[PDB]
Amino acid sequence: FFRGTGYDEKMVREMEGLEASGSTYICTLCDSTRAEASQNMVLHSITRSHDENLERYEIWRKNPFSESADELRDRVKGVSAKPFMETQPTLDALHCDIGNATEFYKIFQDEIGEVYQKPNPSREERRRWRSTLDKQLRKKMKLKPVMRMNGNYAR
Amino acid sequence: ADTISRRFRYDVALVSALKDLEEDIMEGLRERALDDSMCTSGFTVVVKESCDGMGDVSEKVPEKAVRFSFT
Amino acid sequence: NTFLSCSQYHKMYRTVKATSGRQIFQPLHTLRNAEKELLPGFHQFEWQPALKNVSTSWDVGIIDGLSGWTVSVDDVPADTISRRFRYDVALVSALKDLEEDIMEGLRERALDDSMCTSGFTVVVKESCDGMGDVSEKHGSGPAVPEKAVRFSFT
Amino acid sequence: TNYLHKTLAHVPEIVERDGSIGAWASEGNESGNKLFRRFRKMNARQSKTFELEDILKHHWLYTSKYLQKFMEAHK
DNA sequence: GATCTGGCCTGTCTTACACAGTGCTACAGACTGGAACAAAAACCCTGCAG
DNA sequence: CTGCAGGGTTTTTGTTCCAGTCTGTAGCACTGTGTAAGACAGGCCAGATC
Ligand SMILES: [Ca+2]
Ligand SMILES: [Ca+2]
Ligand SMILES: [Ca+2]
Ligand SMILES: [Ca+2]
Ligand SMILES: [Zn+2]
C-alpha cells in the first residue's frame, strides 16, 4: 500500500487539480470556503478524495446541468484541473511549524504598535515595528534575523 | 526532447530496498518468536513516497530541479 | 595532502577504529598538538649580531599584516585583510625542516661536523603574483572575495 | 491561513485515523536535499548527461541501511 | 457628448526558496584504586521424592 | 533407577568515591538580512453607446 504524504501544499494542489494557493477553496480536506472558516473553525468533516475528485472534474467537463461559470465552480466545489497523481489526505509536519512561526512573527510585529487603537497603520510603521522587534529578539535571547525562516528559527 | 532526467524501475528499487533489509526483517521475525519456514506468504509493507523540488542550482533548460524519493 | 577536512577525518577515524579492533589513525586533538611542531614559531634560535629594528621575540606565529594600522576612520582605512609571518621565523621553520637533508648531505660529502658549524650559505628564491577575481560559493554579493596576491619564497 | 486551519480543524481526525502524523513528515526529503547540493560539487562527473546518473548512484549508495550499519560498527 | 461598463491597475494576501560547514574548546563522559557487596551461573552434592 | 527445591562451591559482575586524564563531541561564531508566482477588491478609465 502507498501513503502519499511528503509534499508541500503548492505541489499537492497543482497535482490534485486545485487552485493554488490562496483562493476561495483552501482546505485540502474540507469543502469550506475561505471566509466561513473564520466564524466557525472546529467542526469540519474530511471529504476530499481522489475518486470523487475525478468525478467532480468530469462533472466540470461535461457540465450536465448547463450551469453558468460560478455556480459551476460551486457545485463542483471548484475542482477544475484534472488530478493525475494520487495523494494521501494529510499535511506536512514542518511547514505547519513554519507558517505558524511566520504568523506569530507578524502578529508580534503588529502588537508592538497599536492596530485596534489605529485600525489601518501604514508601511513605515510596519518597518519600524519589525526593527524594534528584531532589537528585542536580539538584545535578549541573542537572536539574529534571516531572509526566510527555516525550521531552526521557527523552533 | 529537451529534458535531462534519470530514474529506476520503481519495482527494482523496492526489491533492492527489501532484499537490503533482509537481515533486519529476519532478525525481527526471530524476535517476534514467530515461525520462520511457514507463515512466509503474507507480509504487508507500507512505504511512503514523496517529492519536492530544488530551485536555482548554478548549472554546469532552467536552474531548478525536482527530486523524487521514498522511504 | 588530500584536502581532507576535519569533520571527514574524525568520521572516518571513528569508522575504521570501531570497524577493525585497532587504532589505525590518530584522533584530531593529538594529531594537531603534534602538528604544532611544524608551523612557524616553535624553534628557538639566535642572531649575532642582533637584527636591526626587529622584535627580539621568537615564539610568535600567524600575524596580521596590517602591522597595527591605527583604525581611525578619518585616515586611509584599514579594511584590507591580510595574513603573513615574521619572515625570519618562516625561514627558521623551513631550514629546521631541511635539517635532515643538510645533515645527510654532510654525510655523503664526508665533511666533518665539529668543523662545518659556521661557513654556511643558503640561497633564497621568491615570487609574487595575484589571482584574478577568484570564484567562491555563497557570495551573491561582494565580500571582496575576488583578488588575492600571494607573496612567497622557496 | 491554511496550516492554521488544518491544525485547528483537522488534526484530531487524521491523528485518530492514520496512527500518527509527523511520522509521515516530508521533512526528510527536503532536509536531506542538501546532499544533492554537495554531491553535485564533489563527486560530479561532470556532464549533465551523467551528472544525474552518478549523483543518484552515490546518493542511493549513501542511503541503504547496509552501509549505515557498517558505519555504526558497535556504536 | 453623457453614460455606464468591461476590463485593467494597483495594492494586499498566501503559498513556495536559498542558511552549511568549518575550525576551536569545554564539558561531560569515559577510565581507575581499596571494600564489599549481593545477585546470578552452573556443577556438585543432598534430600525428599515414586 | 527416576522427578525437582534448594544446600554448598567459585565465578562473574556489579558494587561503592574520591583524584584525575583523555575525548568526542556538542557547544561557539560566522556569512546575509530579498525573492517568486497567483488570487482578490477597489479605483478607475478607454471606450462604445444612444
Ligand atoms: Ca599574473
Ligand atoms: Ca597571474
Ligand atoms: Ca520544501
Ligand atoms: Ca523547501
Ligand atoms: Zn477544512
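Residues numbered from 1 in each chain as written, not as in the entry; some residues may be left out. Chains lettered and ligands numbered in written order. Part of a larger assembly, values for the part shown. Heavy atoms only, no water.

### So, the overall build of chain C
Moving on, step 1. Secondary structure assignment for chain C yields 3 helices and 2 strands.
Moving on, step 2. Ordering the α and β elements of chain C from the N terminus gives α-α-α-β-β.
Moving on, step 3. In terms of overall size, chain C is more extended than a compact globule, its C-alpha atoms giving a radius of gyration of 22 Å where 154 residues would be expected to give roughly 15 Å.
Moving on, step 4. Reported as C-alpha extents along the three principal axes, the dimensions of chain C are approximately 60 × 60 × 30 Å.
Moving on, step 5. Going through the 154 residues of chain C one by one, you find that 8% of them count as buried.
Moving on, step 6. Within chain C, contacts between residues at least 6 apart in sequence are counted, and of these 34% link residues at least 24 apart. (Helix = DSSP H or I, 4+ residues; strand = E, 2+ residues; numbered from the N terminus. Rg over C-alpha atoms; globule rule 2.2 N^0.38 Å. Buried < 20%, exposed > 50% of the residue type's maximum accessible area, 1.4 Å probe, protein only. Contact = heavy atoms within 4.5 Å.)

### Observations concerning the protein's contact with DNA strand F
Moving on, step 1. Every residue near DNA strand F is listed here: A:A20, A:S23, A:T24, A:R73, A:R130, A:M147, A:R148, C:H10, C:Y13, C:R14, C:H29 and C:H138.
Moving on, step 2. By atom count, sugar and phosphate contribute 93% of the portion of DNA strand F lying within 4 Å of the protein.
Moving on, step 3. Taking C:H29, its side chain carries an N or O atom lying 2.8 Å from a phosphate oxygen of DNA strand F.
Moving on, step 4. The separation between a phosphate oxygen of DNA strand F and a polar main-chain atom of C:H138 is 3.0 Å.
Moving on, step 5. In terms of residues, the surface near DNA strand F owes the most to one element, helix 1 (residues 6-19) of chain C, which gives 3 residues.
Moving on, step 6. Looking at the surface near DNA strand F residue by residue, the class counts come to 3 nonpolar, 5 polar and 4 charged. (Near = heavy atom within 4 Å. Polar contact = N/O pair within 3.5 Å; in protein donor to acceptor, adjacent residues only side chain to side chain. Nonpolar A, V, L, I, M, F, W, Y, C, P; charged D, E, K, R; others polar.)

### Quick word on the arrangement of the chains
Moving on, step 1. The closest approach of any C-alpha atom in chain A to one in chain C is 14 Å; the two make no contact.
Moving on, step 2. You won't find any contact between chain B and chain C; their C-alpha atoms come no closer than 10 Å.

### Let's talk about the coordination of the calcium ion (ligand 4)
All names here are of chain D.
Moving on, step 1. Coordination of the calcium ion (ligand 4) by the protein comes from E30 (OE) and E30 (OE), over a distance range of 2.4 to 2.7 Å.
Moving on, step 2. The metal-metal distance between the calcium ion (ligand 4) and the calcium ion (ligand 3) is 2.3 Å, with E30 coordinating both.
Moving on, step 3. Note on placement: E30 falls in helix 3 (residues 27-32). (Donors = N, O, S within 2.8 Å, 3.2 Å for Na, K, Ca; no water.)

### Remarks on a nonpolar patch on the surface
Residues and elements named next belong to chain C.
Moving on, step 1. A cluster of nonpolar residues, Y87, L91, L95, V122, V124 and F151, forms a patch on the protein surface that exposes about 580 Å² of accessible area.
Moving on, step 2. When residues in the nonpolar patch are grouped by element, the largest group, 3 residues, is from helix 3 (residues 87-108).
Moving on, step 3. When its relative accessible area of 43% is taken as the criterion, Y87 is described as partly exposed. (Patch = residues over 30% accessible without salt bridge, like charges linked within 9 Å, V, L, I, M, F, W, Y side chains within 5 Å. Areas by Shrake-Rupley, 256 points an atom, 1.4 Å probe, with all protein chains shown as cover. Salt bridge = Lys/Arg side-chain N within 4 Å of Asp/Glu carboxyl O.)

### As for helix 3 (residues 50-62) of chain A
All names here are of chain A.
Moving on, step 1. For helix 3, spanning 13 residues, the distance from its first C-alpha to its last is 19 Å, which sits close to the expected 18 Å at 1.5 Å a residue.
Moving on, step 2. Of the positions making up helix 3, those classed as buried are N53, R56 and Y57. Within helix 3, the buried residues cover an arc of 100° as seen down the axis, which keeps them to one side. Summarising the geometry of helix 3, the exposed residues directed more than 90 degrees from the buried face are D51 and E55.
Moving on, step 3. On its buried face, helix 3 sits against helix 1 (9-16).
Moving on, step 4. Directly after helix 3, the chain includes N63, whose backbone phi takes a positive value near 55°. (Expected span 1.5 Å × (residues − 1). Arc of directions from axis to C-beta.)

### Brief notes about the sheet that holds strand 1 (residues 47-54) of chain B
Moving on, step 1. Across the sheet, which stays open at both edges, the 3 strands sit in the order 1(A)-1(B)-2(B) with mixed pairing between neighbours. In this open sheet, the two edge strands, each paired with only one partner strand, are strand 1 (2-6) of chain A together with strand 2 (65-70) of chain B. Sheet twist, expressed as the average angle between the axes of neighbouring strands with direction ignored, equals 25°.
Moving on, step 2. Pairing geometry for strand 1 of chain A and strand 1 of chain B, over 4 bridges, is parallel. Bridged to A:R3 within strand 1 of chain B is B:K48. (Pairing = 2+ DSSP bridges. Axes fitted to C-alpha atoms, helices over the stretch in contact; angles between N-to-C directions.)

### Considerations on the coordination of the calcium ion (ligand 3)
Moving on, step 1. In this structure, B:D52 (OD) and D:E30 (OE) serve as the protein donors to the calcium ion (ligand 3), at separations of 2.5 to 2.6 Å.
Moving on, step 2. Exposure remark for D:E30: the relative accessible area of 35% places this residue in the partly exposed category.

### Observations regarding the interface of chain C and chain D
Moving on, step 1. At the interface, 4 residues of chain C touch 4 residues of chain D.
Moving on, step 2. Taken together, the two surfaces of chain C and chain D that pack against each other cover about 370 Å², and 64% of this comes from carbon and sulfur.
Moving on, step 3. Of all residues in chain C, the largest losses of buried area upon contact with chain D belong to C:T15, C:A18 and C:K137, amounting jointly to 71% of the total for that side.
Moving on, step 4. There are 0 salt bridges connecting chain C and chain D.
Moving on, step 5. Inspection of the chain C/chain D interface yields 0 residue pairs in polar contact.
Moving on, step 6. Its residues placed into classes, the side of chain C that touches chain D shows 1 nonpolar, 2 polar and 1 charged. (Buried area = accessible area lost by both parts, 1.4 Å probe.)

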